[PDB]
Amino acid sequence: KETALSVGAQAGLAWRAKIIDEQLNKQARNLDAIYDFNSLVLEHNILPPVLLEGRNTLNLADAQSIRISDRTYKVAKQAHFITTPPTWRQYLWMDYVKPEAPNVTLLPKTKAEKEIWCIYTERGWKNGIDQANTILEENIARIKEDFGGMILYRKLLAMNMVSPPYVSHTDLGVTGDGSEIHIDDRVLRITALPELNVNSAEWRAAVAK
Amino acid sequence: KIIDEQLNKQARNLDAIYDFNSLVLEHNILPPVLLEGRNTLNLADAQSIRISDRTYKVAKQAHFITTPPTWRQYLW
Amino acid sequence: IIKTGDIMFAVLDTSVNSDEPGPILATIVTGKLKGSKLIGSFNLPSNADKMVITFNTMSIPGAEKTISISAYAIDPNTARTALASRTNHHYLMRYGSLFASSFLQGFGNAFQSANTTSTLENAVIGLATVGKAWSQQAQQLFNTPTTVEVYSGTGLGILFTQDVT
Amino acid sequence: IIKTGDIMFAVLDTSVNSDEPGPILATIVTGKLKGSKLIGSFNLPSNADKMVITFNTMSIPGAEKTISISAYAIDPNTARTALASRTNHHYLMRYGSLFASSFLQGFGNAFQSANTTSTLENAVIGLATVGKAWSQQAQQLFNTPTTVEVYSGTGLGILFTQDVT
Amino acid sequence: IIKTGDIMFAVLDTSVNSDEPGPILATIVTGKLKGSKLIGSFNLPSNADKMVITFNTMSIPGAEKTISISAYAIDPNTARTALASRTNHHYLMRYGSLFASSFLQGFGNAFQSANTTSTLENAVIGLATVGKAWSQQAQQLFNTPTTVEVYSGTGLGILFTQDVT
Amino acid sequence: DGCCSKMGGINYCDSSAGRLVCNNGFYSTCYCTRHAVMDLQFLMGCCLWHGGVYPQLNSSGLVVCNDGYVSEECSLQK
Amino acid sequence: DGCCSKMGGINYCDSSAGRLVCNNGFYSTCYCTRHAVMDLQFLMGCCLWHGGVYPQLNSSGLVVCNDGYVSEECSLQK
C-alpha cells in the first residue's frame, strides 16, 4: 500500500540529494571564485551589513486609503566582527543519509500488488525528486539574498547614503600582577552602527559615460 | 606490556635527556613552571574584541623538595 | 493524541503457547509510533479457530512514562482473527488410542467366547487384559483440546481500543 | 444533531467467528460522517439463521472526540438480518459419527449372536467394542450449535438506535 | 530509570528441577547492568512443554540497594519459553508397568480357563496372581506427569515487565 | 590490501605521516593511521554545517540541529 | 508518448523553459515541469472566484465559500 509510496519518496529524495551533492562537488572552484566574501570585508575585519531595496511600492489599506512610494530600503542585519569569512557551504550543502529499512511486512506475492507497488514507488520517486529541487532553489535564493545585501551596502557607501562604521582602539601597555601578564593589551570596539542618512542635500549622484 | 618492555630496554637516554637535578636551585628548591603564549586574540562579544602579543602564566608555584623527580610520574 | 481505534503494525519475536499466560511483547513498526512497544499475555478461546493476544502495557520511549492503552492484534493483509498456527493437533493420538484399546478388549472377550462352536489363547490374553485399562485411561484423557501457539517471527497489525493524552 | 434510527453504510475488514468475542471495528464512510470508526463485538443467536454485530464506540477524527452511539448492522442490498455465511457446518460430521458408532455396535452384537444359526469373528470383535465408546462420545458431542462467521471483505449497512449531536 | 520491556541477558548456574520450589539466582552481565544478582523461583505449567523462571528480587552490587522489579526469562537466540531439557521422562516406565501387569492377569486367568478345553500350572500361578497387585498399583502410579529440569550452566535472556528508577 | 606489491614487502608503518614504508626505500601509497593526510571531499550524516544532531527524540520525525534551524530533508514526514 | 519521434531522440529537459530537447537542435512539443507556459482555458472544482471551500464539515450538504457565497451547483439537492 502507501508504505511503498512513502519509502519511494524517501529513496527518491535521498538519491537526488546524493547526485546534487556530487554535482556541487564536481563544480568546485568557480563557486568560491564567484562568491568571494573575503574582498567584501572592511578595514577592521568586520562583515558589512545587508541591505534590501524595493521599487514602486503601492499598498491599499481600505476604502479611501492608499499609500504609494517610489523607492524603499531596509537594513536587515547589522554589521559585526567576524573571525573568518564565510563560505557557500553553510548555504548550499545538504544532508544525506540512507533510508535503509523496509521491514518485511508488505511484500507483494501477486502480480496486481506487485505492479501497484511498482507504480506507487515510482510516483514517490518523482515526488522526492521535486521536493529535493525545491529545497535547493530555496537555498539558492537565500545565498543570493545575502550576497545582494552586502553588495548593496558597498554600492550605497559609494553613493554616500550610509555612514561607515566607526572604531576605537584603546591601547594598554603592560598589565597584570606578579603571576599573570600580557605584554600589550589592545581593546578594539565599534561604536556607530551604520545607518542611512536623511539629509538629501548631501546625497551625491553619479553619472557614467 | 610491549610498550613497557620497550621503555625499559631504552633506558639511559631517557633519564639522560630528562635531567632534573642539574636544574634545581641553590637551596634545593624546585624552580617553578612558566607558560608563554604568542599572538593572542579573543572575541568576548560582538563589537568588542581583545588582542595581546604574549601572555605569561605561573603554572606550578615553586616549593621545597628533597629528592628530584624522574619519569616515574610521567612515563611508566 | 492518538485517535481511538486506529491502525498500526507491530512485530512479535518471543514465542509461547496457548497454555500458560505470561509476559509477551511486541514492538510497533510503522505509523506514528516507531520504537514504541507493548507488553501483555494472551486470550483463551473455547474453539481454537481464532487466537488473540491480550496486550496492555504500552511504552513510548524518551520519557519515563507508560500509557494505559490495552489493545489486541490482527494479522496483516488477511484481516482474520485466527493465528498462524496448526489446528490439526490432537485428534489422531486420542482417536487411535481409544479405538485400539476397544479393539483389544473385543478381541479378548469374543475370541475367548466363541471357542465352543495355546498361542491363540495368548493373543486372547494380551488383548483381553490390556484393552480394559487402556480404555478407561483413554476415556479419562480423551477430552484434551487442540492447541495453537504464537509464532516467533510473524508480524502483526493492531487496532486500538481507547485513547491517550 | 442526528435523527433517531437512521440508515448509513460502513465497511468491515476483520474476520471473526460467532464463537469468541473480541474488538472488531467497522468504518463509517458515507451519509454525513466521513472517516469515523466503530468498535464493538457480536451477538449470540439461539438459532444460527441470522447474525447481528454490536457496535458502540464511534470515534470521529478532526477533534479529540469519540461519541458512544450503540448500533447494529443491516444487510446491504437485502436489508435482511441474516448473514452471508454457510450454516451446514456441523450436521454431517456428528450425524455420520453417530450412525457409524451405532452400526458398529449392532454389527458386533448381532453377528456374534447369530453364529449358532476367524476373520469374521475379528470383524465382530472390532465393530463390537469400538462401537460403544464411540457411541457414548457421539452422544457427548452431538450437541454442538452451528457457528456463523463474519466476512473479512464485505461492507455493511447500519441501522441506528439513538440520536447523537 | 529503565523503560518498560527491555531485553538483557543473564546466567543460570545453580540447578533446579520442576518439582521443588526454591531460591535460584541469575546474574546480568551485558547490557546496562553488569553483575546484577536476581533471586527468585519458578512456576509449574499445566502442560509441561514450556517452563518459566519466577524472578522477583533484583539487586545491584556496590551500594546496598535492591529494587522490587519482578520479571521472567527467555532462551537466548531462539526467543522461546520452552526449556532446553528432555520431556520423555516417565512415559515408557509406567506404560510398560501397566501393560505388563495386565498381560500377567490375562495369562494366568485364561490359561487356567483353558484347562477345560505342572509347569504350565505354575505359569498360570505366577502371572495370575502377580498381575492383580501390580495392576492396581499401576493404576495408582499411572498419573504421574513428566517434568523438565533447568540446567546448571545455561545462559538466558530477560524481558522486562514494569518500570523502575 | 596489497600495498607493497612488486616491492620488497611492507616493512612497517611510520606514525609521523601515517604511512607504510616498503622494503625498498619508498613511501608507499597506503595509510596506517587515521591521523594522516587524507583528501576528503564527501561527507555524510544529518545536521551538517550546523550544531550537529540534537540528542532528543520526539513523537514525530522532527529533527532539528542545535542552532535551531530544522532539516526537513532529514525529517520524517507524510 | 515519444516526444522526439522521427528525430534524433530525447536529449534532456530544461527547466528554464520547461521543455524537452530533441537530439537535433529543435525545441520539443512536450513539457517536463509544471513551471512552464501551458495554455489553459478550463478549470475544475467549485467555490471558484471566491475564498475557496470552507474547511468545516456541515451537517447539511450546503457548501459555502469563504466569501460566504453558496454554491448550489456544488451542493446536493433533496
# chains A, B, ... in the order shown; residues from 1 in each chain; ligands from 1
>>> calpha_fit_rmsd(fixed="chain G", moving="chain F")
0.6 Å
>>> residues_around(residues="residue 12 in chain F", least_positions_apart="3", cutoff="8 Å", atoms="only C-alpha atoms", output="list in words")
residues 20, 21 and 22 of chain F
>>> closest_atom_pairs(of="chain A", to="chain G", cutoff="12 Å", atoms="only C-alpha atoms", output="JSON lines")
{"residue": "A:126", "atom": "CA", "partner": "G:33", "partner_atom": "CA", "distance": 11.5}
{"residue": "A:129", "atom": "CA", "partner": "G:33", "partner_atom": "CA", "distance": 11.6}
{"residue": "A:130", "atom": "CA", "partner": "G:33", "partner_atom": "CA", "distance": 9.5}
{"residue": "A:133", "atom": "CA", "partner": "G:15", "partner_atom": "CA", "distance": 10.9}
{"residue": "A:134", "atom": "CA", "partner": "G:35", "partner_atom": "CA", "distance": 11.9}
>>> write_last_selection(atoms="C-alpha atoms", output="PDB file, in the first residue's frame")
ATOM      1  CA  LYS A 126       9.236  11.522  -8.716  1.00  0.00           C
ATOM      2  CA  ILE A 129      12.855  14.500  -6.969  1.00  0.00           C
ATOM      3  CA  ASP A 130      10.527  17.502  -6.893  1.00  0.00           C
ATOM      4  CA  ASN A 133      14.850  20.521  -6.174  1.00  0.00           C
ATOM      5  CA  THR A 134      12.539  22.809  -4.200  1.00  0.00           C
TER       6      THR A 134
END
>>> residues_around(residues="residue 78 in chain F", least_positions_apart="4", cutoff="10 Å", atoms="only C-alpha atoms", output="list in words")
residues 5, 6 and 9 of chain A; 31 of chain C; 61 of chain F
>>> atom_distance(atom1="CA of residue 10 in chain A", atom2="CA of residue 99 in chain A")
6.4 Å
>>> residues_around(residues="residue 127 in chain C", least_positions_apart="4", cutoff="6 Å", atoms="only C-alpha atoms", output="mmCIF file with N, CA, C and O atoms, in the first residue's frame")
data_model
loop_
_atom_site.group_PDB
_atom_site.id
_atom_site.type_symbol
_atom_site.label_atom_id
_atom_site.label_comp_id
_atom_site.auth_asym_id
_atom_site.auth_seq_id
_atom_site.Cartn_x
_atom_site.Cartn_y
_atom_site.Cartn_z
ATOM 1 N N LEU C 104 -8.753 -54.180 21.313
ATOM 2 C CA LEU C 104 -8.093 -55.169 22.158
ATOM 3 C C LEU C 104 -9.089 -55.858 23.085
ATOM 4 O O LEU C 104 -9.104 -57.098 23.197
ATOM 5 N N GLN C 105 -9.940 -55.055 23.743
ATOM 6 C CA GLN C 105 -10.969 -55.595 24.632
ATOM 7 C C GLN C 105 -11.882 -56.557 23.886
ATOM 8 O O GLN C 105 -12.169 -57.668 24.367
ATOM 9 N N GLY C 108 -10.089 -60.012 22.961
ATOM 10 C CA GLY C 108 -10.011 -60.936 24.070
ATOM 11 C C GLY C 108 -11.345 -61.569 24.414
ATOM 12 O O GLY C 108 -11.462 -62.802 24.431
ATOM 13 N N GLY C 131 -6.858 -54.285 26.951
ATOM 14 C CA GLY C 131 -7.904 -53.433 26.420
ATOM 15 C C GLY C 131 -8.554 -52.562 27.477
ATOM 16 O O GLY C 131 -8.771 -51.369 27.256
#
>>> interface_residues(of="chain C", to="chain D", cutoff="6 Å", atoms="only C-alpha atoms", output="count of residues only")
8
>>> residues_around(residues="range 51-59 of chain G", least_positions_apart="3", cutoff="12 Å", atoms="only C-alpha atoms", output="list in words")
residues 1, 2, 3, 31, 32, 33, 34, 60, 61, 62, 63 and 165 of chain D; 45, 46, 47, 48, 62, 63, 64, 65, 66, 67, 68, 69, 70, 71, 74 and 75 of chain G
>>> atom_distance(atom1="CA of residue 154 in chain A", atom2="CA of residue 27 in chain A")
28.2 Å
>>> interface_residues(of="chain B", to="chain A", cutoff="6 Å", atoms="only C-alpha atoms", output="VMD selection string")
chain B and resid 46 to 58
>>> closest_residue(among="F:43, F:32, F:77, F:60", to="chain C", atoms="only C-alpha atoms")
F:60
